[PDB]
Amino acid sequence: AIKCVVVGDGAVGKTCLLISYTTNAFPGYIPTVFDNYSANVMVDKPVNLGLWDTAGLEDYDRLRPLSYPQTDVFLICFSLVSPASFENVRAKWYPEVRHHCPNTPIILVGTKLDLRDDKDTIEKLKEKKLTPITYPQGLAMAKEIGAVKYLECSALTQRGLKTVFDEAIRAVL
């Protein structure tokens, strides 16, 4: 099995992405405490992928890193429509992962891709003087954190969803 650990701010869509990917179902917001999912996947070919779905809420900061030993690949996730979560990629998640796992490959994943170029979402953000994260900004952030790939997905439409796991696996094999 490959151990893939998924981290990122509360509500960015970690659980939706894992459940959408393993089951084709879309939940179902219940904040995660901790869950383990597993998929037998064909990449490039069969793989047992163990997915560790972590708590994004700050109450679990002291506990979350207990999950980290032995990880094969990390997914650091941020919502493409939440600039705070994007800044936390380098302000919180990158350092927390690296504190514990200096070497383990990171994939940076921008989530809720279906909302990024949604007009109502862009309007609401604009009122707040903010704008969705664009692909080149995500790429710059991937570079700044030495992520091995930057990928965008939607758990809702499944755009980009398979490639996230193909690349997590390619990162390890």
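Position 1 is the first residue in the sequence shown; the rest follow in order.
Coordinates are absent for 1 to 3 residues of the deposited sequence placed between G28 and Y29. The stretch of deposited sequence separating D44 from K45 contains 1 to 3 residues lacking coordinates in this entry. The PDB entry records a higher mean C-alpha B factor for 49-57 than for its counterpart among 49-57 and 102-110. Stretches 35-43 and 126-134 differ in mean CA B factor, with 35-43 having the higher one. Residues shown: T157, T163, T23, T15. Highest C-alpha temperature factor in the entry: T23.
For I2, the recorded CA temperature factor ranks within the highest third of the chain's modelled residues. Remark: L63 belongs to the highest third of its chain, ranked by C-alpha B-factor as recorded.
Placement of the Cα temperature factor of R116 within the chain: middle third of the modelled residues, per the deposited record.
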